[PDB]
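Here is the structure we will look at, set down as structure tokens.
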Protein chains: 4
Amino acid sequence: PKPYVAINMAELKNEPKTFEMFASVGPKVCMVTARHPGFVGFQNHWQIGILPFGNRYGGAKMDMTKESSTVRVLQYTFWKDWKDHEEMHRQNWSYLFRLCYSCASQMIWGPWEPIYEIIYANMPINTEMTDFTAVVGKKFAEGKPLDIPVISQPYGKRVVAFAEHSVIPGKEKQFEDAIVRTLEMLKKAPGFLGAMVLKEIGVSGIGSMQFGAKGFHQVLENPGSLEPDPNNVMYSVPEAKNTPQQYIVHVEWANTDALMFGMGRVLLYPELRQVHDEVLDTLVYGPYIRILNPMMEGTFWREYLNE
Amino acid sequence: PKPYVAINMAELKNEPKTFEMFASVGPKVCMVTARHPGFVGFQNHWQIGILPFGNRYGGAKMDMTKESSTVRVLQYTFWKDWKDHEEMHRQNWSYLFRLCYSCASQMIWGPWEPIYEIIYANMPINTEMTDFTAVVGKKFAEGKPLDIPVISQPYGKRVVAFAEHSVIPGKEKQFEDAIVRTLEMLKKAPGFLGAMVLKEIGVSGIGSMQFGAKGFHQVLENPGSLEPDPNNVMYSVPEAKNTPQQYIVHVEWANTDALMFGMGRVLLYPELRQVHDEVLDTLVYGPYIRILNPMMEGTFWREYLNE
Amino acid sequence: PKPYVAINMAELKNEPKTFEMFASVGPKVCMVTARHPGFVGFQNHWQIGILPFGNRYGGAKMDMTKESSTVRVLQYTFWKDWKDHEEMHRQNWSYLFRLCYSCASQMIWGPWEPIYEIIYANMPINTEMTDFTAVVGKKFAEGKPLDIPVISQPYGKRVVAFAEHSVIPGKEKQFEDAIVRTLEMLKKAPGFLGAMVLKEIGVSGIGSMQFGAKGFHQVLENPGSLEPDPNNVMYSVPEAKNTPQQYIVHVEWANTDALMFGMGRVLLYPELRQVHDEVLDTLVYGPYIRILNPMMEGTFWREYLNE
Amino acid sequence: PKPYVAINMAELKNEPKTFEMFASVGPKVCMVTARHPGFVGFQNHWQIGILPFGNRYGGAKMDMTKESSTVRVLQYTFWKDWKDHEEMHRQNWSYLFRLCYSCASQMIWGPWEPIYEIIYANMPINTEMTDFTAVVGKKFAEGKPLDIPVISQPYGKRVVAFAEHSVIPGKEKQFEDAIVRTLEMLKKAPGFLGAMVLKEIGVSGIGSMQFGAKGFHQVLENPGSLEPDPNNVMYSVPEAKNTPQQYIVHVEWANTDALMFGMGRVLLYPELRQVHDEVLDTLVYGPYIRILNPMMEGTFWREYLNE
Ligand SMILES: [Fe+3]
Ligand SMILES: [Fe+3]
Ligand SMILES: [Fe+3]
Ligand SMILES: [Fe+3]
């Protein structure tokens with residue numbers, strides 16, 4: 001079935017100490033999150049650059065890692081019910097806060113953790129290049145050659161287009177209908193590895209370290225080993241849902257060239273351009289497209305998705 | 001059928017002279033071992049690092065070869081009957097001892113050669129990337145597409161997780177049942193190339209250069225061209241079997257990222273975590289996981305295994 | 001009386017940060033251990049090298065500290081009853097775990113903490129070179145000149161031969177009789193500072209950070225300030241006792257030359273060689289001899305020993 | 001059908017000028033050879049090294065190109081009838097001599113051009129990694145999945161073991177029977193790309209620039225633009241056939257590791273070792289194994305071979 005998605009977002013200093021700290025803290029956080037039976041996996045991203053749209057963002061390029069002073073992380077966790085995410089954080093708060101707070105020394109902005117529902121998904125299981133022979137053999141043995149997927153390689157061996165959209169109130173249905181038609185046509189582009197549309201349903205205050213006064217002071221004063229009061233979150237997840245409605249169009253690609261020209265198919269192929277124009281007519285903001293590297297991931301979230 | 005496994009273990013200086021000596025002496029030892037008809041192949045490993053488990057072993061990394069002052073070798077030989085290994089050593093002692101003793105100038109610890117029975121094996125034949133087209137065609141022509149394996153590349157083009165376990169006396173059946181259930185579920189991870197469970201049955205004194213007093217002095221005094229008395233081994237293979245019972249869980253992977261996150265599936269995927277927890281409850285020691293490079297190998301041992 | 005000995009073993013990166021951490025954390029751990037009235041002292045060792053036995057381990061030398069990428073520690077704590085060690089760990093768990101876990105960032109292997117009984121001891125009190133005049137005067141005034149010991153200098157000013165043995169099941173009495181006869185003759189070598197024979201009685205799971213599943217996850221997920229459940233150790237100390245039976249022959253020497261040629265007396269002096277040959281005939285493994293520097297120590301453990 | 005093979009052999013200075021002239025002269029010679037309708041293709045090799053057989057040739061390694069002062073070339077041309085090669089040389093002598101003579105400035109030894117019959121061949125068509133999808137589709141459409149070959153990549157993207165043998169007079173039948181059995185078993189080795197056995201039938205005097213006195217002086221005196229008398233070759237091809245009988249066992253491999261351990265299967269796998277021992281018992285010389293890079297080739301010779 002379709003899981004819910006929590007996306008923990010933050011900006012940190014782009015230096016080895018940041019990546020060293022992620023190598024030790026990151027796995028621990030994932031192991032704590034896996035204590036909850038509603039956890040179905042994760043996909044953690046480093047932003048490597050920004051899609052320039054020709055020279056609309058002429059100061060950007062798809063890989064800015066050599067020049068950038070910061071690194072943005074977008075850490076997806078997948079949940080049977082979005083309430084499982086909230087329960088997990090509270091049930092494991094003493095571990096989670098102390099682990100997550102240990103990254104504060106590198107932090108420039110965040111954490112900010114919106115929660116999303118998946119309204120469309122065309123996402124395959126990941127396979128390494130070593131696996132495809134057995135996948136093909138099994139699918140043919142089952143008489144299901146149409147179920148043979150593209151090779152979507154895990155652990156940093158593909159790239160993600162993370163396309164931010166906000167929609168004019170009252171045009172959500174037009175946006176959703178047109179973006180699904182767009183993605184159904186986009187899958188013909190070479191190197192397309194899958195797409196999904198995420199629709200924001202709210203924000204996790206506890207995952208964003210957004211408390212009332214009491215917890216705010218406890219966060220600011222923390223030596224690192226004392227939990228803020230997890231009951232001092234002042235709003236539920238849906239209370240923080242944004243209007244204009246926010247969406248993420250998440251598209252995976254074999255490499256950054258396939259991403260650039262593949263996403264570009266909505267501008268360059270006349271039939272698709274007419275369809276995608278219906279998306280553009282509904283927007284308050286966007287599309288703004290971040291280029292992401294999916295490095296650490298728990299690939300079994302796609303097994304839950306595809307049943 | 002399942003062969004027995006002898007694993008010759010040693011630690012040597014990490015310097016070019018060590019790898020030069022292995023390039024010339026190593027093949028000679030393998031050729032002598034192949035004189036016995038019970039020999040069914042071999043798989044020789046260099047340890048490249050240690051799995052850090054987040055930062056549980058924070059001084060370790062999966063590839064420590066650039067910094068390490070030593071190199072550990074784990075040389076598997078496969079036998080129709082473990083007694084064939086003992087007979088081979090004695091029948092060819094003048095060659096084997098003089099070849100193996102020539103390594104002494106580089107040696108820091110070893111040799112130590114435990115013997116194992118295989119209690120579980122899910123291991124494919126090795127294939128190079130050039131081979132899969134013919135393998136696929138042959139299996140389909142035979143009507144056995146389910147027998148098409150993953151591509152497990154020989155000669156250093158994959159990695160091994162070598163997981164050491166010792167088990168509380170009386171919990172061996174619980175360990176064995178649970179680890180098999182774990183490995184049957186682990187094979188869904190991307191880049192999984194196979195697994196087997198080795199259970200120690202004893203130690204080869206002659207393969208470990210472990211003699212009584214007479215042979216000990218002959219080893220220490222040796223100019224290099226005089227054999228110690230091979231009859232001066234004071235214990236049979238089973239007499240040295242350890243209690244607590246020792247196991248090796250040997251899992252092969254496409255690359256070190258697939259290894260790290262694939263092995264991590266027993267921690268990150270809740271359903272598998274519950275199964276693997278039954279393994280953890282039985283342990284005196286472990287899991288301690290060495291990262292191995294299978295460089296020199298006689299791949300036909302898997303043909304014997306898979307018949 | 002003879003205390004029991006717990007030996008905490010670990011391997012860490014050989015870099016200044018490791019020795020800095022030991023200079024601050026080490027004393028803290030010792031002070032916590034001293035909270036228990038059954039604690040009678042300690043003797044902490046750095047391995048400086050390996051005895052090469054001519055060129056049997058030709059890649060080794062007695063001092064490998066300049067080249068080695070790792071450092072092995074062997075931390076002896078002495079106890080009136082071995083159960084005191086287990087009680088101390090649990091009574092002081094919140095301090096001990098957090099202190100010991102702070103070493104994890106430097107750790108490659110360990111901790112592993114076997115427990116031993118002393119079956120033979122000929123070990124003097126330590127004295128500095130400044131002390132011997134008062135020791136001599138006191139012993140003569142008491143009419144006990146035979147109780148004047150050799151000068152065994154504390155705090156890194158002597159060396160230890162740490163000789164590992166494992167014994168064929170059924171040959172333990174032969175080993176023990178012969179090694180005692182050997183050590184009674186070895187004390188004639190110049191620079192001999194004492195010897196003792198340690199016989200393994202089990203392993204401390206809590207001291208080895210070896211828990212069931214619950215504690216294992218708590219260790220891996222730990223931010224550093226949360227204790228694993230100390231009741232989640234799944235085995236008692238005796239349940240982990242190894243067969244083949246393990247022994248440590250611990251011999252102290254004025255310097256590494258006295259060690260090399262003094263230990264060599266069991267090979268070079270014919271009458272002693274015949275006696276020590278009876279030891280060699282009983283072995284599954286060994287002798288493998290580590291060269292240790294006893295740097296930080298609580299010398300009063302020898303006062304308890306010698307009453 | 002099986003073509004005949006002419007192998008032009010020479011040794012030249014290992015310097016850029018040699019490879020420059022080969023980049024210009026080599027294609028011209030091949031274009032001239034293709035003027036004859038009996039020409040069915042070619043496969044030109046650079047020797048990159050020598051198989052050391054452990055340390056039997058301890059001064060050798062499989063890739064000596066960085067240290068070698070010379071480069072050996074082995075240029076295979078394939079012919080419907082070996083007489084076609086002789087006719088081609090004479091019909092096109094003014095071009096061929098002047099082209100081939102232009103390499104003399106770099107030459108140390110050669111040219112020497114023995115002629116061979118193929119007595120056994122298991123050689124696939126070459127395919128690039130881009131081609132295999134269409135090859136698989138075509139073979140399944142023909143209902144012949146057993147005809148799907150391994151991927152044997154052209155133009156320097158595989159390696160050749162060139163194994164020289166000379167056979168005791170009267171043992172030719174034993175050699176030929178046993179080598180065919182050996183190669184039929186060797187094809188199980190990973191990365192095996194094909195094998196063929198070439199049996200010398202004679203030597204091309206004209207291709208070897210081996211004339212009588214008249215042509216010898218014309219070669220030595222040549223300014224580069226005057227042909228020696230092509231009728232001054234004093235021996236026919238069969239008149240130069242060697243006794244002891246010479247063979248080449250030509251085996252192709254995915255890479256040099258697959259070659260080393262794959263060819264080693266005749267020494268390391270007991271069942272194959274027994275078969276290959278029947279080859280060894282017949283030899284005057286060899287096996288001596290050159291490691292070759294097949295760079296420039298006309299791959300259609302395998303289309304002729306395979307019908
Ligand atoms: Fe969260
Ligand atoms: Fe052996
Ligand atoms: Fe302890
Ligand atoms: Fe020719």
Side-chain angles (χ1 to χ4, degrees), chain A residues 129 133, chain B residues 125-139 141 151 153-155 157 299, chain D residues 1-3 5 7 40-48 51 62 74-78 118 120-140 142 144-163 183-198 248-263 265 289-307:
Chain A
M129 283 290 306
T133 48
Chain B
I125 61 157
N126 298 119
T127 53
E128 295 283 29
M129 283 289 304
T130 57
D131 303 342
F132 74 85
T133 49
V135 173
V136 167
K138 180 181 159 201
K139 296 304 188 190
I151 304 172
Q153 294 168 85
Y155 317 133
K157 297 199 288 301
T299 63
Chain D
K2 287 173 170 66
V5 192
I7 302 181
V40 301
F42 68 98
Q43 185 167 309
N44 292 347
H45 306 84
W46 315 95
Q47 175 175 305
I48 62 170
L51 190 64
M62 285 190 295
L74 297 89
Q75 308 180 314
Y76 296 26
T77 53
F78 299 91
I118 300 175
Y120 170 87
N122 172 28
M123 296 284 282
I125 62 156
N126 297 119
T127 53
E128 294 281 27
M129 283 290 306
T130 58
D131 304 341
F132 74 86
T133 48
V135 172
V136 167
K138 182 180 160 200
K139 294 304 189 190
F140 273 99
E142 300 169 354
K144 303 173 171 151
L146 233 41
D147 292 359
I148 297 170
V150 297
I151 303 173
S152 175
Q153 296 166 266
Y155 318 130
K157 299 201 289 302
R158 70 196 191 282
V159 293
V160 173
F162 180 98
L183 295 173
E184 283 292 308
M185 298 171 71
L186 191 59
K187 63 188 189 184
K188 293 183 171 185
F192 178 92
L193 302 180
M196 58 183 181
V197 179
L198 276 44
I248 301 159
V249 179
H250 173 119
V251 191
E252 307 205 337
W253 297 96
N255 57 68
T256 52
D257 293 321
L259 184 161
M260 170 174 279
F261 299 106
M263 299 294 283
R265 194 180 167 116
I289 302 188
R290 304 177 181 275
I291 311 299
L292 308 187
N293 175 23
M295 183 49 224
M296 307 178 38
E297 48 194 343
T299 64
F300 43 91
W301 79 263
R302 295 141 183 268
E303 301 169 45
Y304 178 83
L305 174 71
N306 290 306
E307 93 178 325

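All chains are named by letter (A, B, ...) in the order of the sequence lines, taking the proteins before the strands, and each is independently numbered beginning at 1.
Rounding to the nearest 0.5 Å places CD1 of B/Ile125 at 8.0 Å from CG of B/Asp131. Note that CE of D/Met62 and CD1 of D/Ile291 are 6.5 Å apart. Values are rounded to the nearest 0.5 Å. We find the OH-CG distance between B/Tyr155 and D/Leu259 to be 10.0 Å, quoted to the nearest 0.5 Å. Note that CD1 of D/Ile7 is 14.5 Å distant from CZ of D/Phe42, once rounded to the nearest 0.5 Å. D/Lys138 NZ to D/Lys144 NZ: the interatomic distance, rounded to the nearest 0.5 Å, is 9.5 Å. Here the straight-line distance linking atom CH2 of D/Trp301 with atom CG of D/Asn306 works out to 8.5 Å at 0.5 Å rounding.
Residues satisfying the side-chain hydrogen bond (donor to acceptor under 3.5 Å, both in side chains) test with D/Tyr76, not counting sequence neighbours, are D/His250. A search for side chain to side chain contact (heavy atoms under 4.5 Å, CB included) contacts involving D/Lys187 returns D/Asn122, D/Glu184, D/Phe192, not counting sequence neighbours. Partners of D/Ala163 by side chain to side chain contact (heavy atoms under 4.5 Å, CB included), not counting sequence neighbours, listed by chain and number: D/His165, D/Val249, D/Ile289. Annotation: side chain to side chain contact (heavy atoms under 4.5 Å, CB included) contacts of D/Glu307 (sequence neighbours excluded): none. With sequence neighbours excluded, the residues that form a ring-ring contact (aromatic ring centres under 6.0 Å, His included) with D/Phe140 are B/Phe140. Residues that satisfy the side-chain hydrogen bond (donor to acceptor under 3.5 Å, both in side chains) test with B/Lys157, not counting sequence neighbours, are B/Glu128. Annotation: side chain to side chain contact (heavy atoms under 4.5 Å, CB included) contacts of B/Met129 (sequence neighbours excluded): B/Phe132, B/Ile151, B/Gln153. Remark: D/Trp253 pairs with no residue by the side-chain hydrogen bond (donor to acceptor under 3.5 Å, both in side chains) rule, at least two apart or across chains.
Closest heavy-atom contact between D/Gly262 and D/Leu186: O-CD1, 3.2 Å. Looking at every heavy atom in both residues, D/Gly194 comes nearest to D/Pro124 through CA-CD, 4.2 Å. Across D/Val159 and D/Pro294, no two heavy atoms sit closer than the pair CA-CD, 4.3 Å. Residues B/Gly137 and D/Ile148 approach most closely at CA-CD1, 3.9 Å, considering heavy atoms. Annotation for D/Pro3 and D/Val40: closest pair CB-CG2, 4.0 Å, computed over non-hydrogen atoms. In this structure, D/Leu183 and D/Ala195 approach most closely via the heavy-atom pair CD2-CB, 3.9 Å.
By the 4.5 Å heavy-atom criterion applied to side chains, B/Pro154 and D/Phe261 are not counted as neighbours. Considering only heavy atoms from C-beta on, D/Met196 stays 4.5 Å or farther from D/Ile248 through its side chain.
Side-chain atoms of D/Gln47 and D/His45 include no donor-acceptor pair closer than 3.5 Å.
Counting only residues at least two apart or in different chains, salt bridge (charged side-chain N to carboxylate O under 4.0 Å, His left out) contacts with residues 291-302 of chain D comprise D/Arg158-D/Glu297, D/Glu252-D/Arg302.
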Check: Would B/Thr133 and D/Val135 satisfy side chain to side chain contact (heavy atoms under 4.5 Å, CB included), going step by step from the backbone distance to the final call?
Finding: CA-CA 9 Å; B/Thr133 49; D/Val135 172; over 6 Å; no
